[PDB]
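A.B. asks: Structure, please.
(chains A, B, C, D, E, F, G, H, I, J and K)
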Amino acid sequence: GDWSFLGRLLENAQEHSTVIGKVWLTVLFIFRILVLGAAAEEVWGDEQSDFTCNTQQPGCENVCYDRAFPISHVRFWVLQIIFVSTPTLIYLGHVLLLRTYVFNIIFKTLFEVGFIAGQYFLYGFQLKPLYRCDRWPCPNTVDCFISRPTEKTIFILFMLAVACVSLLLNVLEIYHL
Amino acid sequence: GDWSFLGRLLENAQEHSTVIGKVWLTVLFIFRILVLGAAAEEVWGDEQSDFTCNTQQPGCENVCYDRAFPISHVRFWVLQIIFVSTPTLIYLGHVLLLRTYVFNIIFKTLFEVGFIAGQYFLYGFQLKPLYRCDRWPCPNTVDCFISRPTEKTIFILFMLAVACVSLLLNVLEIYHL
Amino acid sequence: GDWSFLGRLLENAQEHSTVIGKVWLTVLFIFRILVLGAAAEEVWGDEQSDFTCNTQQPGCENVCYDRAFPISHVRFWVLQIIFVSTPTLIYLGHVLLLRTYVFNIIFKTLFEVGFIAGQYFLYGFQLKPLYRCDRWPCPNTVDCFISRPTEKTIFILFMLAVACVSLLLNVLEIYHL
Amino acid sequence: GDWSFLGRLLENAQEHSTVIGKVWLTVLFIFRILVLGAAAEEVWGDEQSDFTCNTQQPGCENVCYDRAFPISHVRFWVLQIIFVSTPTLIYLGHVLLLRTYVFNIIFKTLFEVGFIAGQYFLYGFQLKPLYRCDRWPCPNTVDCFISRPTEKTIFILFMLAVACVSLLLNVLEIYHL
Amino acid sequence: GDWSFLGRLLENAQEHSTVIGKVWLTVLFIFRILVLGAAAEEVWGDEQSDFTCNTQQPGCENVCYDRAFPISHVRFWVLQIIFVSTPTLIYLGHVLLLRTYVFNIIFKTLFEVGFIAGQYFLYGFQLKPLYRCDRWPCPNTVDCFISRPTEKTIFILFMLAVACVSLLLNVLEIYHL
Amino acid sequence: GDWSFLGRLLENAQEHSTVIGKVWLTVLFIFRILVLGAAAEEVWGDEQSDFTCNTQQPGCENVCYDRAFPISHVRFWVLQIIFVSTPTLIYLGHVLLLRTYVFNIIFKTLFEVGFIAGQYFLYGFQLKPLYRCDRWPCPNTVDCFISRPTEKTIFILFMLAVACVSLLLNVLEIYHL
Amino acid sequence: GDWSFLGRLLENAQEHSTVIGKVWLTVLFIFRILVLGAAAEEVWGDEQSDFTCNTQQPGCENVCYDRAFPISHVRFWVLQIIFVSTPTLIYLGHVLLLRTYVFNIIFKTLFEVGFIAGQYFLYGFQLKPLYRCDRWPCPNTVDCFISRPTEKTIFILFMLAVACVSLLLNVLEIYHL
Amino acid sequence: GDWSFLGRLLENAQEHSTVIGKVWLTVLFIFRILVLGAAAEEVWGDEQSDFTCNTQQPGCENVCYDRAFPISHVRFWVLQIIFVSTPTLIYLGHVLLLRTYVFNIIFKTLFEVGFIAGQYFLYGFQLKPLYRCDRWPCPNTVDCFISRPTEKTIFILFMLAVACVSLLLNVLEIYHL
Amino acid sequence: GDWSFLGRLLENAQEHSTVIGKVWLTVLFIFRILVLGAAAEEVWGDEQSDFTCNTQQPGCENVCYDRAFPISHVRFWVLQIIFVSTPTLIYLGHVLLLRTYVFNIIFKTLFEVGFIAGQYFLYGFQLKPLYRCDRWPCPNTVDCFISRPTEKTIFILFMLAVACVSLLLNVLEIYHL
Amino acid sequence: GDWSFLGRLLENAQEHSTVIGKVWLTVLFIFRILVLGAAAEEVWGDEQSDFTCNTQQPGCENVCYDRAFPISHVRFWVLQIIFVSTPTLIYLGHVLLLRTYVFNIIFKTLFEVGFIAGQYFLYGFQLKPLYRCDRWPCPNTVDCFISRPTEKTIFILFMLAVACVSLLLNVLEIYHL
Amino acid sequence: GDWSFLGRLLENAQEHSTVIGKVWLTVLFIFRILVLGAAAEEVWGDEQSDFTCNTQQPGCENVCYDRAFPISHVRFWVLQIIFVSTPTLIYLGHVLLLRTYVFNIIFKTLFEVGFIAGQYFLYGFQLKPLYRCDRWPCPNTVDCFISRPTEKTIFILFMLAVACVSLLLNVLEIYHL
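C.D. replies: Numbering: from 1, shown residues only, chains lettered A, B, ... in the order given. Sure, the structure comes next:
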């Protein structure tokens, strides 16, 4: 995607961050951003198309999709990356400051905890193929099947593990300080 | 998209802008432009395709879409970004000037207020799935369903909050001066 | 894809790696990454679309695909590349250390052995066109045909040979030390 | 495609290669790579889609395609380029050596002869529109028609002529030495 | 497309070319390459898809397309650009030589005359919508309609005029020498 | 249809009925029954089939038909014939009786008045092609078109005129007595 | 059809009719009724089905048929037969009377003249295949094609000639009296 | 239908039955049999065809029909007529006997009570358009719509009233004896 | 069909016709009428339906059928039977007369010769499956295939032989007189 | 159907048969033949049409039907009636003879036992909706659903009970002799 | 069908035929004609419709049917009945003559032998479901499947056995004379 500017600004920030923060940033680019842009977009690219329901109702497919995936995992991870990476750029701007750094890392930690919690609240780290929806255009509990459930589940687990690792890194960093 | 030149010119302008203006610019790139190019274009990419109406009239779908979304949110946000970012480049050109800066920020504020007002006037920060249209090819109040209503609503709210934050930043800046 | 940052960091690492490690890195870019991005994505791009089953059940296609390819070979190779390339960046970060280098190469070796083993466990280096699935929406052992089986098999063999060559390179390097 | 890194490394190698080798490299980029990336990918992009067979058997199309084109010409040319260009990078790495250069050029010559021979063995420099296939899902010698046969034939001839020219260049170079 | 390397090499060559040759090169990039990459690829992108014939024969569409457009105008113009631009790079390589320059310009002139002549021989600077084909799968002179005939005709005329202008430039240059 | 037995019994009754009653009976067979069996059944035979609504709702057609024609004109006329002809057979059975005959004719008159009144109440002697229905499966006032409206209207008028003539005959008969 | 009773009553009437009237009655049964029941019903049986219009409007076919054939020729001929044959049964009833017979034949003559005149007024003894209709559901002068136009025209001519012959017979009879 | 033989045998029986029994028999032919053969068979002729369910399951329509109408009303009424009319022919055979006649009428009464009771048990004298079925091929309570519900309801009521009248006739007859 | 009345009248005529005329009449009923009503109507019943042309033009099928079969063989044979059988009824009416009989048989002979000649003129005693039509809606010589060509040819030959036999019978009869 | 001649011959035979044989014959006409012609033909009329299988194989439906119902119940019952009724006509012909009558009744008994046994052997007095077939065109045990299974089962039971009653009648008759 | 007249004439002939000839005639009506009219026409009624081939060629179905069944078994049996029954009517006409009777029976025998021989020559008393046809519109040996093969085979065997029995009857009769 249009990730170049963020990468440039964070390369600028890397010269100011600590060792473990640098490790976190390389985890972000190599794992969070790269897997999201290179693999996932090809996976979730057929999310609306190949979501085939079991009715002749014309509108049931759109609505039952929106009831299944109110916000796709790709968009959610994108916003997670942005909201978790902004504090780094705040700190860099402050440089261009210990308590500032501390507030930066707690912002990261709290937002990322919020994101994993929200992801669990929406989709409990598993996409089942079947979804039974009862929205109005859909009559009487339509069965609707999802595309690439196993693959999507795998990438959810992988990215959730990456986020847990980022939390571990920040929780190690805060004690290292 | 073809955002590179604007980014270069605004990197040139960043060396001349204040602290809070720099914060505003990073808000613009990290939030306004990035989320618009990376996430939204994948969301609104299936706006015309998966807009399935409930008739056999051939032309009802095209017309009812145009009656629902006269101008998609993506194009509207693009024009919002451009019209809000041009004053920065005007000011930079003037540099290459206090009252100039002041007129710059009021231009930003007024245009952005206009854009949030227009967005509310068209789509009241919520895309409902159902739209009932009565254009001529559509006979007798056709029901037409929209793709990704919840996700689109979420991104509308997110970008509207970003714009409100930009207004807060400019209104803080004008008093800071 | 969005491979530029990894390439930059590994160009930085190339100045610190040995001769045989440099050979391994050029094998990675010229063969692993390039063939994956230039050829394979065009091959596996029609994996879900042209996977035509032999039933009128609406959901049988999605489910039988997911039962055939839980995770596509492209995503698997991407993760293989990432997990095999991260130790190089760890070592570079340590530079910016002999035992560190040794642990780096055994990490590469063990992960890559794990990946070839997993690939064999899932798909035994051959995609047959026919897959007979018995998932619930599919009634009574549906026949489902795959797109580009021979080509996909060829690229599996090619990439598996590349990975075996990387293992040979690392096993030559460890004795060269 | 993701050709930038190869181009950079070969620009590095150009300062070390002879005149005729430099001519060969410019032939590679201007003709082999550029025509493959700019024109051919648009040609062979509709290879699986518009390959319309003459049956109602659902699986006959996939299988008969795979029996016609086990590996598409685009992928084959990509691998040809890689396997023919790797010796240049080997030689550059050795520089960073006359017999090395000689072994480099014979590697190029032998691999490229192998590739033109394999291409002739698979597709005898002509794509006919009709292919009659008798694979199992296809009953009784189905007729299947190919998309862009004449154009594909033309590009096969053009690239085969380019490869013959590369062989002529190397065979002139080896005597020039 | 993947035009960057050619552009770089020709920027290198621009410092050595004359005034009128520089004008020719800017004509090439601004008109030949840019219009071909930015506009035409969007025009001819729906060449095979929306070519709707008037039969139920499954194979008639593929064959009648190939009989209409053996080689699309986009590919033809690409090869025209390459074959016309190679002499410039030959001359640059010779620099890194008056008779060399003269042979360069006559190569350009002769190849470009050949290309306009071939284009006239295939498609007489006008795409008519209707094409009546009598290939074997098509029974008894099928009518087949083409997509964007007027637009394609316009771009043919524009590019043919650009090529005529390049011939005028070279014929002015040769007398200027 | 299976009209033979009624015809036989009424041939038996004809020997006992008066002149004007015999005229009425021949009006019944020649006009009421014959036109109903020979022409109308061919007209209303395509009543449910070619009743094409303007929606993709699957159930809207069945329901909107039933809301348009709760009971088809053919069945209604059949029951009219039966209910109007039974008194003749009652009278014949009484023979095998002046006041009996009088009660017979008033039964005919009253039932036939009831039938023309009911026909007017349901379908006001005119089938318009368009019917706008709002039953539950039909969303928002579907337009539904009817087959053979003009012809059906003509036959309604013809049979209604026949019934009016039967009323005139009975009202002449009662005074003739 | 259900013609048996009319035939029986007219067999009763044949013993009372003259020679030329008997000829007329045999013309009626052998030509009018038999050809109508044996051939025509098979011809006009596909009148609504195979009337294929040239639009995607769902309702245009029903309406344009009704605008073409307000009342099919078969129903019209049936009513012609009935209205022309009733006077014979009136006369028979009067028997069970010269001026009565005369009024009978003028009734026949006048009604039959009315029927041929009406048939000419509706369909000028020729069914053309094409009908261009502009009813409301049909947009902008739809072309609609008719089934069996030539055959239907032939049977129209044949039955019209039969009716003209009946008029000649009655006009000969009235002078024979 | 093939009702002629029953009618002949019952005409033979009519000479032996009483007045009220003769009335019952004429009620049977004029109302039970005639309406069943002339009107109902045209009504229920589109029972399986135009029973359109709201799913893409192929088998749901057949099964849900069978679950709605295990035995159609037409077949049920046919068997009712047969089982109610057989005692008359038994009695006639006995003639060719007062207690025999009495047992005959109680057989009629009891069987007809059984038939109206069974009809109520299956279909409570009303066909609703909607039927919600949950048979195995039908997933999750499919909605299925019925053809001619109102008309079928009307004919059910009419025939049920006829049967009640037959019961009244027999209950009057038994006291008349 | 509705052949009963003709059969009755000709049974009346059989008592007056000679031996060979009686043979002719039994040939007519057993062969001409019976095979036409029992077999042929089942053959030609799918004449318009299964006449599948090779175009997407909607109207080409109707028109090309009418151009192939202006009048179907069944209708033609029906009219042949009528026009050939009327003289028998004329003669019977004259009875209820040698020169009358002679004129009767020459009428039969001449009309039947006319009918076989017309049949040859239209369809030369052979229905080929393929018909190539060029009517206006059909573009450029559409191929259209016929249903049951061989069977229809056989029945044409059989009925033509029957007619030739009738001519032989009449030509034997005229000399027998 | 064409049952009239059999009925006439058996009416002739009724004057010669005993009381219980006459009862059997009336059971045959009222129950066996009438229910078969009036109800069953309407039931089994949609046997091949609405037999919807669950595959896209074109030929699987025809073959799986033939594997389910090698001979439909209607044809089987027709042949049962014929083979059981022929002995009556044999006996009548012998009349126009006690041991002859005895052989007649044992023929009836044995053939009817054979028919009920064969019916049980084919379809065990119950049509289940689902049939799983594995014929060659059908791949891997297709599910195929039947139309009107419950109704068909009911009529099987009814006719089987009628046949058992005929056996009881004959077994009572043989002892009565 | 329209069998009544033949039946009447053969009832007239029955009074003149011998015992065994009468048996033959009752075999004809009860078995040949009745089974042909009551059962077979329902079987072969779906011969052209449900003959589903395995191609997208539009014309292949019509042609391959005609190549499979040049003349359906029903028409063939009808003609067999007629050609075998005509001698009986010839003999009756001669009555209204021993050598005449003898020539009659040899005509029957020879024609019926010819018919069974022709039936064997066309369809060897077995309809297989699969037919592989290579007519021109059908490309490359299409597979085409037949409807009701087993049932049709059974009725072929039954009618062939009936014909063999007729031959046995005539061969017994000729010796009985």
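A.B. asks: quick one: the helices in chain A?
C.D. replies: A:4-14, A:19-27, A:34-35, A:41-43, A:60-68, A:73-95, A:98-122, A:149-176 (DSSP state H).
A.B. asks: Could you look over the ones you listed and pick the most buried one?
C.D. replies: Here the criterion is mean neighbour count by mean count of other C-beta atoms under 10 Å in any protein chain shown, and of the helices of chain A the winner is helix A:60-68, at a mean of 23. In this view, the C-beta of every residue, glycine as well, is placed from N, C-alpha and C.
A.B. asks: and that helix, what does it pack onto?
C.D. replies: On a contact count with 3 or more C-beta pairs under 8 Å, 6 or more residues apart in numbering or on different chains; DSSP states H and E, helix A:60-68 meets strand A:130-133, strand A:142-145, helix B:149-176.
A.B. asks: mind listing what the residue in chain A sticking out farthest from the centre touches?
C.D. replies: Using C-alpha atoms, centre = their mean, the residue of chain A lying farthest from its centre is residue A:56. It sits 34.0 Å away. Shown here is residue A:56, whose contacts under the criterion C-beta atoms under 8 Å, 6 or more residues apart in numbering or on different chains are F:56, F:58, H:54, H:55, H:56.
A.B. asks: Distance check, it against chain K.
C.D. replies: 24 Å (C-beta to the nearest C-beta, to the nearest Å).
A.B. asks: repeat for residue A:30
C.D. replies: The value you get for residue A:30 to chain K, if C-beta to the nearest C-beta is used, is 50 Å.
A.B. asks: so that residue makes contact with residue C:87?
C.D. replies: No. Here residue A:30 does not reach residue C:87: they are 11.3 Å apart, not a contact under C-beta atoms under 8 Å.
A.B. asks: give me the residue from chain A nearest chain E.
C.D. replies: Residue nearest to chain E within chain A (C-beta to the nearest C-beta): residue A:4, separated by 15.8 Å.
A.B. asks: mind listing what that residue touches?
C.D. replies: B:4, C:4.
A.B. asks: Quick check: chain neighbours aside, which residue is closest to residue A:17?
C.D. replies: Counting by C-beta to C-beta, 6 or more residues apart in numbering or on different chains, the nearest residue to residue A:17 once its immediate chain neighbours are dropped is residue A:25, at 6.6 Å.
A.B. asks: distance of the one you found from residue A:13?
C.D. replies: When C-beta to C-beta, to the nearest Å is applied, the distance between residue A:25 and residue A:13 equals 8 Å.
A.B. asks: show me what contacts the most centrally placed residue in chain A?
C.D. replies: By C-alpha atoms, centre = their mean, the mean C-alpha position of chain A lies nearest to residue A:77, the distance being 1.7 Å. By C-beta under 8 Å, 6+ apart, residue A:77 lies in contact with A:32, A:36, A:40, A:159.
A.B. asks: what two of those residues have the greatest distance between them?
C.D. replies: A:32 and A:40 (10.5 Å; C-beta to C-beta).
A.B. asks: Those two: who's more crowded?
C.D. replies: Under the neighbour definition other C-beta atoms under 10 Å in any protein chain shown, residue A:32 and residue A:40 were set side by side, and residue A:40 has more, 24 against 21.
A.B. asks: Spit out the contact partners of the more buried one.
C.D. replies: Taking C-beta under 8 Å, 6+ apart, one finds A:73, A:74, A:77, A:155 in contact with residue A:40.
A.B. asks: Those residues of chain A touching chain G, which are they?
C.D. replies: Taking C-beta under 8 Å from any C-beta of the partner chain as the test, the list of chain A residues beside chain G is empty.
A.B. asks: now the residue nearest to residue A:145 when sequence neighbours are not counted: how far from residue F:56?
C.D. replies: Leaving aside its chain neighbours, residue A:145 sits nearest to residue C:59 (3.7 Å; criterion: C-beta to C-beta, 6+ apart). Using C-beta to C-beta, one gets 21 Å for the distance from residue C:59 to residue F:56.
A.B. asks: list the contacts for the residue of chain A found nearest chain J?
C.D. replies: For chain A, the residue closest to chain J is residue A:54, as judged by C-beta to the nearest C-beta, at 13.5 Å. Neighbouring residues of residue A:54 by C-beta under 8 Å, 6+ apart: A:142, A:143, A:144, A:145, C:58, C:59, H:55, H:56, H:57, H:139.
A.B. asks: okay if I get those as CSV plus distance to residue B:94?
C.D. replies: Conversion of the contacts of residue A:54 to CSV gives the following (distance: C-beta to C-beta, whole Å):
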residue, distance to residue B:94
A:142, 61
A:143, 63
A:144, 57
A:145, 59
C:58, 62
C:59, 62
H:55, 67
H:56, 65
H:57, 70
H:139, 68
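A.B. asks: ok, those vs chain D, which is closest?
C.D. replies: Closest approach between those and chain D, by C-beta to the nearest C-beta: residue C:58, at 14.4 Å.
A.B. asks: pretty sure the closest one is touching residue A:61, no?
C.D. replies: No. Counting by C-beta under 8 Å, no contact exists between residue C:58 and residue A:61, whose distance comes to 10.5 Å.
A.B. asks: between these two, what contacts are shared?
C.D. replies: Going by C-beta under 8 Å, 6+ apart, residues that sit against residue C:58 and also against residue A:61 are A:52, A:53.
A.B. asks: before we move on, the earlier item: just curious, which of the contacts of residue A:40 is nearest to chain I?
C.D. replies: residue A:74 (41.1 Å).
A.B. asks: what does chain A put close to chain C?
C.D. replies: Within chain A, the positions lying close to chain C (C-beta under 8 Å from any C-beta) are A:1, A:3-4, A:7, A:19, A:22-23, A:26, A:29-31, A:33-35, A:37-39, A:42-43, A:46, A:50, A:52-54, A:129-130, A:143, A:145-151, A:154-155, A:158.
A.B. asks: Give the closest residue to residue A:164 in space, chain neighbours not counted.
C.D. replies: Here the nearest residue to residue A:164 in space, its sequence neighbours aside, is residue A:116; by C-beta to C-beta, 6+ apart that works out to 7.3 Å.
A.B. asks: how deep is residue A:18 tucked in, by neighbour count?
C.D. replies: Should you count by other C-beta under 10 Å, residue A:18 turns out to have 12 residues around it.
A.B. asks: hang on, it packs against residue A:170?
C.D. replies: No. Contact between residue A:18 and residue A:170 fails when scored by C-beta under 8 Å: they sit 11.3 Å apart.
A.B. asks: For the residue of chain A found nearest chain D, give me its contacts.
C.D. replies: Among all residues of chain A, residue A:38 sits closest to chain D, at 10.6 Å; criterion: C-beta to the nearest C-beta. Taking C-beta under 8 Å, 6+ apart, we find residue A:38 in contact with C:1, C:2, C:3, C:78.
A.B. asks: do that again at 7 Å, thanks
C.D. replies: Counting by C-beta atoms under 7 Å, 6 or more residues apart in numbering or on different chains, residue A:38 makes contact with C:1, C:2, C:78.
A.B. asks: on that earlier part again, tell me how far the residue of chain A closest to chain E lies from residue B:4.
C.D. replies: Using C-beta to C-beta, one gets 8 Å for the distance from residue A:4 to residue B:4.
A.B. asks: End to end on stretch A:9-28, go ahead and measure it.
C.D. replies: When the termini of stretch A:9-28 are compared using C-alpha to C-alpha, to the nearest Å, they are 14 Å apart.
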